[PDB]
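Q: Sharing a structure, written as structure tokens. Questions coming.
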Amino acid sequence: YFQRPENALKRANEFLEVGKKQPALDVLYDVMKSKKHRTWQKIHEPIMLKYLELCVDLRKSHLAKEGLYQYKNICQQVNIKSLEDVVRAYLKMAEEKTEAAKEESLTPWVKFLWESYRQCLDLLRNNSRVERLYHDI
């Protein structure tokens, strides 16, 4: 039922429309950390990136780290760069939340950001294919 894969994201939006944001986030986590994922195309990594992004709004850092790591362990097989791309995505998302909170004003948000940088660095650490992305972060 993965393909067409326009359903997980839709249902996430639906779950948020009813205001059950956390249920929506946890739902996407289930999708991207599913065992069928390795067989699945790198494209889902797009979906995983979106899920990681919602995670940012809810400041659910723990779930985010676990989402990314667990997704990475599954995906090594194919669409490997995808890991670097969702890493980049995560960083750009938290990096924009800093812009928002700073421009509107907050400590937690700085700490959230630090914790995010740290997690991405420990995720990308020591990987030939992730070296450029790691160096960037």
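Naming scheme: A, B, ... for chains in displayed order of the structure tokens; residues 1 onward per chain; ligands 1 onward as shown.
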Contacts of residue 13 of chain A at 8 Å or less, counting only C-alpha atoms, minus same-chain residues fewer than 4 places along, as number ranges by chain?
A: A: 9, 17, 24
Q: With C-alpha atoms retained, export the selected residues as an mmCIF file, in the first residue's frame.
A:
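Resulting contents of again_33.cif:
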```cif
data_model
loop_
_atom_site.group_PDB
_atom_site.id
_atom_site.type_symbol
_atom_site.label_atom_id
_atom_site.label_comp_id
_atom_site.auth_asym_id
_atom_site.auth_seq_id
_atom_site.Cartn_x
_atom_site.Cartn_y
_atom_site.Cartn_z
ATOM 1 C CA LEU A 9 1.096 12.594 4.003
ATOM 2 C CA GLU A 17 -6.832 19.409 10.648
ATOM 3 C CA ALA A 24 -0.074 12.785 12.963
#
```
Q: Rank A:2, A:40, A:51, A:15 by their smallest atom-to-atom distance to residue 86 of chain A, using only C-alpha atoms, and report the top residue only.
A: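 Result for the nearest residue to residue 86 of chain A: A:51.
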Q: Compare A:61, A:73, A:119, A:107 by their minimum atom-to-atom distance to residue 35 of chain A, counting only C-alpha atoms, and give me the closest one.
A: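 Among A:61, A:73, A:119, A:107, it is A:73 that comes nearest to residue 35 of chain A.
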Q: Measure the distance from atom CA of residue 65 of chain A to atom CA of residue 18 of chain A in Å and round it to one decimal.
A: 26.1 Å
Q: Can you tell me which residues surround residue 33 of chain A at a distance of at most 10 Å, considering only C-alpha atoms, apart from same-chain residues fewer than 3 positions away, and format the answer as a PyMOL selection string?
A: chain A and resi 28-30+36-38+48+66-75
Q: Those residues you just picked out, can you put them in a file as a short mmCIF file (atom, residue, chain, number, x, y, z; two decimals), in the first residue's frame with C-alpha atoms?
A:
```cif
data_model
loop_
_atom_site.label_atom_id
_atom_site.label_comp_id
_atom_site.auth_asym_id
_atom_site.auth_seq_id
_atom_site.Cartn_x
_atom_site.Cartn_y
_atom_site.Cartn_z
CA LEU A 28 4.55 9.41 9.87
CA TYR A 29 7.24 7.96 12.12
CA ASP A 30 5.55 4.58 11.64
CA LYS A 36 9.35 -2.36 4.02
CA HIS A 37 11.25 0.91 3.54
CA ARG A 38 14.58 -0.55 2.40
CA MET A 48 10.43 11.14 5.79
CA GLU A 66 15.09 8.18 16.26
CA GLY A 67 13.21 8.77 13.01
CA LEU A 68 16.35 9.81 11.16
CA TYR A 69 18.62 7.09 12.58
CA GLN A 70 16.07 4.35 12.08
CA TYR A 71 15.34 5.57 8.55
CA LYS A 72 19.07 5.69 7.78
CA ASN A 73 19.62 2.10 9.01
CA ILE A 74 16.89 0.94 6.63
CA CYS A 75 17.83 2.95 3.56
#
```
Q: May I have the residues within 12 Å of residue 125 of chain A as a ChimeraX atom specification, using only C-alpha atoms and disregarding those fewer than 3 positions away in the same chain?
A: /A:69,84,87,117-122,128-137
Q: Those same residues, written as an mmCIF file, in the first residue's frame with N, CA and C atoms?
A:
```cif
data_model
loop_
_atom_site.group_PDB
_atom_site.id
_atom_site.type_symbol
_atom_site.label_atom_id
_atom_site.label_comp_id
_atom_site.auth_asym_id
_atom_site.auth_seq_id
_atom_site.Cartn_x
_atom_site.Cartn_y
_atom_site.Cartn_z
ATOM 1 N N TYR A 69 17.719 8.236 12.434
ATOM 2 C CA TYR A 69 18.624 7.091 12.583
ATOM 3 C C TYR A 69 17.992 5.812 12.056
ATOM 4 N N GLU A 84 21.582 12.078 3.556
ATOM 5 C CA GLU A 84 22.177 13.404 3.585
ATOM 6 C C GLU A 84 21.160 14.499 3.308
ATOM 7 N N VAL A 87 18.955 14.983 6.243
ATOM 8 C CA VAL A 87 19.798 15.631 7.240
ATOM 9 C C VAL A 87 19.783 17.132 6.988
ATOM 10 N N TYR A 117 21.667 20.185 15.704
ATOM 11 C CA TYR A 117 23.001 20.187 15.098
ATOM 12 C C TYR A 117 23.780 18.966 15.584
ATOM 13 N N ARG A 118 23.770 18.767 16.902
ATOM 14 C CA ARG A 118 24.510 17.674 17.528
ATOM 15 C C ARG A 118 24.070 16.323 16.980
ATOM 16 N N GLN A 119 22.758 16.098 16.945
ATOM 17 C CA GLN A 119 22.196 14.835 16.458
ATOM 18 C C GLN A 119 22.548 14.549 14.994
ATOM 19 N N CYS A 120 22.446 15.577 14.156
ATOM 20 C CA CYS A 120 22.790 15.436 12.743
ATOM 21 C C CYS A 120 24.281 15.114 12.574
ATOM 22 N N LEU A 121 25.122 15.766 13.375
ATOM 23 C CA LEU A 121 26.561 15.490 13.352
ATOM 24 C C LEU A 121 26.892 14.058 13.761
ATOM 25 N N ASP A 122 26.219 13.552 14.797
ATOM 26 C CA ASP A 122 26.438 12.176 15.243
ATOM 27 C C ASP A 122 25.786 11.186 14.274
ATOM 28 N N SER A 128 31.890 8.062 4.265
ATOM 29 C CA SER A 128 32.468 8.516 3.011
ATOM 30 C C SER A 128 31.480 9.259 2.134
ATOM 31 N N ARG A 129 30.253 8.749 2.071
ATOM 32 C CA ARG A 129 29.223 9.329 1.222
ATOM 33 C C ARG A 129 28.527 10.517 1.878
ATOM 34 N N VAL A 130 28.693 10.656 3.185
ATOM 35 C CA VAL A 130 28.057 11.749 3.896
ATOM 36 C C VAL A 130 29.060 12.823 4.328
ATOM 37 N N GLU A 131 30.300 12.730 3.839
ATOM 38 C CA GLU A 131 31.362 13.628 4.296
ATOM 39 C C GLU A 131 31.107 15.089 3.957
ATOM 40 N N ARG A 132 30.625 15.348 2.747
ATOM 41 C CA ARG A 132 30.418 16.730 2.343
ATOM 42 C C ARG A 132 29.291 17.347 3.159
ATOM 43 N N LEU A 133 28.209 16.594 3.329
ATOM 44 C CA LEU A 133 27.069 17.066 4.115
ATOM 45 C C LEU A 133 27.435 17.271 5.586
ATOM 46 N N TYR A 134 28.174 16.316 6.143
ATOM 47 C CA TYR A 134 28.675 16.427 7.506
ATOM 48 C C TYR A 134 29.552 17.656 7.666
ATOM 49 N N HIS A 135 30.458 17.884 6.714
ATOM 50 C CA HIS A 135 31.341 19.047 6.790
ATOM 51 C C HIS A 135 30.557 20.355 6.791
ATOM 52 N N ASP A 136 29.440 20.365 6.067
ATOM 53 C CA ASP A 136 28.591 21.537 5.990
ATOM 54 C C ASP A 136 27.924 21.874 7.303
ATOM 55 N N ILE A 137 27.361 20.854 7.947
ATOM 56 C CA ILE A 137 26.665 21.025 9.215
ATOM 57 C C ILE A 137 27.645 21.471 10.300
#
```
Q: Counting only C-alpha atoms, which residue out of A:6, A:14, A:115, A:45 sits closest to residue 78 of chain A?
A: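 When distances to residue 78 of chain A are compared using only C-alpha atoms, the smallest one comes from A:45.
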Q: Select, from A:103, A:11, A:26, A:127, the residue with the minimum atom-to-atom distance to residue 60 of chain A, counting only C-alpha atoms.
A: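 Closest to residue 60 of chain A of all the choices is A:26.
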Q: Figure out the distance between atom CA of residue 16 of chain A and atom CA of residue 93 of chain A, please, to one decimal in Å.
A: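 Atom CA of residue 93 of chain A sits 18.7 Å away from atom CA of residue 16 of chain A.
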Q: To test your reading of the structure, identify every residue in segment 2-137 of chain A that backbone DSSP assigns to helix (DSSP H, G or I), and report it as JSON, numbers by chain.
A: {"A": [7, 8, 9, 10, 11, 12, 13, 14, 15, 16, 17, 21, 22, 23, 24, 25, 26, 27, 28, 29, 30, 31, 32, 35, 36, 37, 44, 45, 46, 47, 48, 49, 50, 51, 52, 53, 54, 55, 56, 57, 61, 62, 63, 64, 65, 66, 67, 68, 69, 70, 71, 72, 73, 74, 75, 81, 82, 83, 84, 85, 86, 87, 88, 89, 90, 91, 92, 93, 94, 95, 96, 97, 98, 99, 100, 101, 102, 103, 104, 107, 108, 109, 110, 111, 112, 113, 114, 115, 116, 117, 118, 119, 120, 121, 122, 123, 124, 128, 129, 130, 131, 132, 133, 134, 135, 136]}
Q: Between A:105, A:126, A:82, A:76, which has the minimum distance to residue 39 of chain A (counting only C-alpha atoms)?
A: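 Of all the options, A:76 lies closest to residue 39 of chain A.
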Q: Name all residues at most 8 Å from residue 43 of chain A (count only C-alpha atoms; drop same-chain ones fewer than 3 positions away) and give them as a list in words.
A: residues 46, 47 and 79 of chain A
Q: Just to confirm, what's the straight-line distance from atom CA of residue 96 of chain A to atom CA of residue 113 of chain A in Å (one decimal)?
A: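 Taking atom CA of residue 96 of chain A and atom CA of residue 113 of chain A, their separation equals 9.9 Å.
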Q: Which is closest to residue 98 of chain A among A:56, A:25, A:64, A:83, if we use only C-alpha atoms?
A: A:56
